[PDB]
Amino acid sequence: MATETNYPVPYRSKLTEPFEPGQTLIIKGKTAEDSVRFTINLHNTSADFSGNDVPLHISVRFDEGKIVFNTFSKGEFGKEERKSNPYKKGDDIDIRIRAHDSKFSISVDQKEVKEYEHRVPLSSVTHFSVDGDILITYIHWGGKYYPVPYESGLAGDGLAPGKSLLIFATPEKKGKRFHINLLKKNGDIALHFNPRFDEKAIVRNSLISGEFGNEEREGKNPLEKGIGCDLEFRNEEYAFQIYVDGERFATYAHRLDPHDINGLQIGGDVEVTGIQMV
Ligand SMILES: OC[C@H]1O[C@@H](O)[C@H](O)[C@@H](O)[C@@H]1O
């Protein structure tokens, strides 16, 4: 227990549906300088058991300096699959678990570190718990396999001021550039967000009636290939506020009425693992 941000340990939570392929569990938190272990368990129960079937047990140990991935079933654990723990007592943590048909995929600071092969049915994760020497600051889950080129309507009300669009993506490793488009009903692009890795810039621009306007670009490109990031398109009243990886990357004064931005478009060298309106 420390500064009440919320999220008390032990933190248990019930899943709406079972944990399907494409969906991701994301657990951020801060660690004290006296922390030895915390744990993440994708389990089932009975309503809530407290020791029955755990398809994916992650134990992060600062004493042993390794992340331990195991699976408790039929009363036992099995062969520990170990892996070097890149964390140091102190600093934040960023564990993100993605289910697939074949296996779990666990990634640290947005960098894949472990491909845990499914040992008992994934269909048995109905709960997840987080426990131990850790302060939890962010636990989110959801998502699906997002096909790219992506295209889809946004909600109904669309993205209007007071709403952010939250996109969790990962630029492809040998990819030169990708784009995201927030769209208006008539066709126009409200904001064209276009990280170009070749030009080492993130070009921002609007497409009005067939023709692209000026093109705003100042900004150290923060994305890195093969690494995943948290793109956030925060629609304020006078500008979008673009957030990359927790911090404001750039603002973009509206060149079009931010009301009724009801379409989304993601192209290029990128994998999309989460979309959500907020
Ligand atoms: O090709 C059209 C558009 O593509 C993007 O890469 C640029 O950022 C836009 O300003 C350009 O007009």
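- Per the deposited record, X-ray crystallography is how this structure was determined, to a resolution of 2.98 Å.

**Thoughts on the domain arrangement of the chain**
Consideration 1: Taken domain by domain, the chain comprises domain 1 (11-142) and domain 2 (150-277).
Consideration 2: The straight-line distance from the C-alpha centre of domain 1 to that of domain 2 is 31 Å.
Consideration 3: Each side of the interface is counted separately: domain 1 has ten residues, and domain 2 has ten residues.
Consideration 4: Here domain 1 meets domain 2 over a buried area of about 640 Å², counting both sides, of which 37% is carbon and sulfur.
Consideration 5: It is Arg98, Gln110 and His140 in domain 1 that bury the most area against domain 2; as a group they hold 60% of the surface buried on that side.
Consideration 6: Where domain 1 packs against domain 2, one counts three salt bridges.
Consideration 7: Put simply, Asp230 and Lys28 hold a salt bridge, and the shortest N to O gap is 3.5 Å.
Consideration 8: Applying the counting rule to domain 1 against domain 2 returns five residue pairs in polar contact.
Consideration 9: Contributing elements (two or more residues each) for the side of domain 1 that touches domain 2: β2 (24-30), β7 (92-99) and β11 (135-142).
Consideration 10: Residue contributions to the side of domain 1 that touches domain 2 peak at three residues, all from β2.
Consideration 11: Residue classes in the side of domain 1 that touches domain 2 are distributed as two nonpolar, four polar and four charged.

**Some words on the site of the ligand**
Consideration 1: For the ligand, the full set of nearby residues is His192, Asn194, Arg196, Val203, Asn205, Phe212 and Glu215.
Consideration 2: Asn205 places a polar side-chain atom, nitrogen or oxygen, 2.9 Å from an oxygen atom of the ligand.
Consideration 3: At the level of elements, β15 (189-196) and β16 (201-208) are the ones that each hand at least two residues to the shell around the ligand.
Consideration 4: Per-element accounting of the shell around the ligand gives the leading share, three residues, to β15.
Consideration 5: For the shell around the ligand, the class distribution of residues is two nonpolar, three polar and two charged.

**A closer look at the nonpolar core**
Consideration 1: Of all hydrophobic cores here, the largest spans 31 residues; its most connected members are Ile180, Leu182, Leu231 and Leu264.
Consideration 2: Of all elements in the fold, only β13 (163-171), β14 (178-183), β15, β18 (229-235), β19 (239-244), β20 (247-253), β21 (263-268) and β22 (270-277) reach the threshold of two or more residues within this core.
Consideration 3: Setting aside its immediate chain neighbours within four residues, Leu264 contacts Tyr150, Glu151, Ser152, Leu154, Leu165, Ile167, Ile180, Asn181, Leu182, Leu183 and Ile275.
Consideration 4: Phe19, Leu56, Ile95 and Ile136 belong to the second-largest nonpolar core, a separate cluster that totals 30 residues.

**Some points on the pairing of β18**
Consideration 1: Of all seven residues in β18, six are buried; the element is thus mostly enclosed.
Consideration 2: Relative to β18, β13 is paired through seven bridges, and the arrangement is antiparallel. Residue pairing in the sheet places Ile167 in a bridge with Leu231 of β18.
Consideration 3: One ladder, built from five bridges, connects β18 with β19; its direction is antiparallel. Across the sheet, residue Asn235 finds its bridge partner in β19, namely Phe240.
Consideration 4: Taking the residues that link successive antiparallel strands as the turn, the β18-β19 hairpin has three residues.

**A look at a negative patch on the surface**
Consideration 1: Residues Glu33, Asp34, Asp91, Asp92, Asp109, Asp131 and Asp133 make up a contiguous surface patch of negative charge.
Consideration 2: A residue is classified by how much of its surface remains accessible, and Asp131, at 34% relative accessible area, is partly exposed.

**Digging into the sheet that holds strand β12 (residues 150-153)**
Consideration 1: Here six strands make up an open sheet; going across it, the order is β12-β21-β14-β15-β16-β17 and the pairing antiparallel. Edge positions in the sheet fall to β12 and β17 (211-212), since each of these pairs with one other strand and no more.
Consideration 2: Here β15 runs beside β16; their pairing, made up of six bridges, is antiparallel. When the bridges of β16 are listed, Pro195 appears paired with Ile202.

**With respect to the pairing of strand β8 (residues 103-108)**
Consideration 1: Counted residue by residue, β8 has six buried out of six residues, so it is predominantly covered.
Consideration 2: Sheet analysis places β7 next to β8, joined by five bridges and oriented antiparallel. Counted as the bridge partner of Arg96 is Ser107 from β8.
Consideration 3: Counted along the chain from β7 to the antiparallel partner β8, the turn is three residues long.
Consideration 4: In textbook terms, the turn of a hairpin is the stretch between consecutive antiparallel strands, and for β8 and strand β9 (residues 111-117) this stretch comprises two residues, one of which, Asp109, has a positive phi near 50°.

Calculation rules
Residues numbered from 1 in each chain as written, not as in the entry; some residues may be left out. Heavy atoms only, no water. Domains from an automatic or database assignment. Contact = heavy atoms within 4.5 Å. Buried area = accessible area lost by both parts, 1.4 Å probe. Salt bridge = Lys/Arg side-chain N within 4 Å of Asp/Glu carboxyl O. Polar contact = N/O pair within 3.5 Å; in protein donor to acceptor, adjacent residues only side chain to side chain. Helix = DSSP H or I, 4+ residues; strand = E, 2+ residues; numbered from the N terminus. Nonpolar A, V, L, I, M, F, W, Y, C, P; charged D, E, K, R; others polar. Near = heavy atom within 4 Å. Core = buried A, V, L, I, M, F, W, Y, C linked by side-chain atoms within 4.5 Å. Buried < 20%, exposed > 50% of the residue type's maximum accessible area, 1.4 Å probe, protein only. Pairing = 2+ DSSP bridges. Patch = residues over 30% accessible without salt bridge, like charges linked within 9 Å, V, L, I, M, F, W, Y side chains within 5 Å. Areas by Shrake-Rupley, 256 points an atom, 1.4 Å probe, with all protein chains shown as cover. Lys, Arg positive; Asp, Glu negative; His and termini not counted. Charge placed at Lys NZ, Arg CZ, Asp CG, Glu CD.

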